[PDB]
């Protein structure tokens, strides 16, 4: 039972590569992405689990500052506990 912060980013489809690049540079182990609708126009949704709150805010602050003046989008955070995940918890395990 390793606690975690689930960061969610919903925004326009064009930024996929731009946001994916930012997530990799933050220190996050991995992420999930999926095609969605919004209002209905096609857009994307990122889901990133992070060990610390600070890392989650670091990802949100950069994406918002860089693109949210021009492009539409929303970013929010949820509490979670990771039970299994080699990259997130390590070979040691989530215990």
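We call the rigid core the largest set of C-alpha positions that still match within 1.5 Å between the two forms. Numbering follows the first chain given and starts at 1.
Participant: If you line up the core and then measure how far each C-alpha sits from this form in 5 other deposited structures of this protein, which stretch comes out higher, 14-22 or 76-84?
Facilitator: Comparing 76-84 with 14-22, the one that moves more in 5 other deposited structures of this protein is 76-84.
Participant: Our gap detector needs a label for residue 39 to residue 40. Which class matches the unmodelled residues of the deposited sequence there: none, 1 to 3, 4 to 9, or 10 or more?
Facilitator: Going from residue 39 to residue 40, the model skips 10 or more residues of the deposited sequence.
Participant: Is the mean CA B factor in the deposited entry higher across 15-23 or across 76-84?
Facilitator: Averaging CA B-factors over each stretch, the winner is 15-23.
Participant: Compare the mean C-alpha B-factor of 65-73 with that of 46-54 as given in the PDB entry, and name the stretch with the higher value.
Facilitator: Between 65-73 and 46-54, it is 65-73.
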